[PDB]
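Participant: Below: one structure in C-alpha cells.
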Amino acid sequence: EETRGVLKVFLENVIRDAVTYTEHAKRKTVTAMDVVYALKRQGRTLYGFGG
DNA sequence: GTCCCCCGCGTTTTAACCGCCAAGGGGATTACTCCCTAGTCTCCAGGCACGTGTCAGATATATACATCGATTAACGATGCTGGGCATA
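First residue of the first sequence? That's 52 in the authors' numbering, and the numbers climb one at a time after it.
Right, dumping it as C-alpha cells:
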C-alpha cells in the first residue's frame, strides 16, 4: 500500500514537467520525448528513446 | 520464546490483450512578409576608487553634589595607684 503511495509521488512530478513542455510549445499531443527530458531533469534518463 | 502476519496453493472472478475497423484532431510542411535582432558608431553619463565630511553610539573626563566609612581631637566619670597627712 505505501509503495503505490510513493509511485504516486514520483508520477506526478514528471507529468508536471511533461505537461509543461507539451504546453510551452502550444501542442495538444503529449510527446514521449517530453517525458524523457522530465526524467533527465531528475537524473533518471532513459536510453532507448528519442535522441 | 511466542504469535500472526506472509508465502504457497487450489479455485473463483474480472479485465488485459489482440484483432479489426473509423474518424477526425492535430501535428507536419510550405509560402510570405514584416517585426525584431545582431552588428556597428558615439557618447558618458553609470560605475569604479578614493579623499573629505559631521552624525550614531561608546569611552572616558573635569567638575559638582549627596551619602556615608573610618579616624582623630574633644568632653563627662571615674579606679585603683602613688605621694603624703591625723590616729592606734
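Built from N, CA and C at the ideal position, the CB exists for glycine as well.
Whether or not the region 56-68 and the region 79-98 are in contact is what I'm after, with contact meaning three or more pairs of Cβ atoms, one per stretch, closer than 8 angstroms; do they touch?
Facilitator: yes
Participant: Going by the CB atoms, is the gap between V87 and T96 shorter than 8 angstroms?
Facilitator: yes
Participant: Work out the CA separation of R78 and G102 for me, nearest whole Å.
Facilitator: When rounded, the separation of the alpha-carbon atoms in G102 and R78 is 20 angstroms.
Participant: Rounded to the nearest angstrom, what separates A76 and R55 at their Cα positions?
Facilitator: Using only the alpha carbons, I get a separation of about 32 angstroms.
Participant: Using the rule of at least 16 other Cβ atoms within 10 Å of the residue's Cβ for burial, across every protein chain shown, is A83 buried or exposed?
Facilitator: exposed
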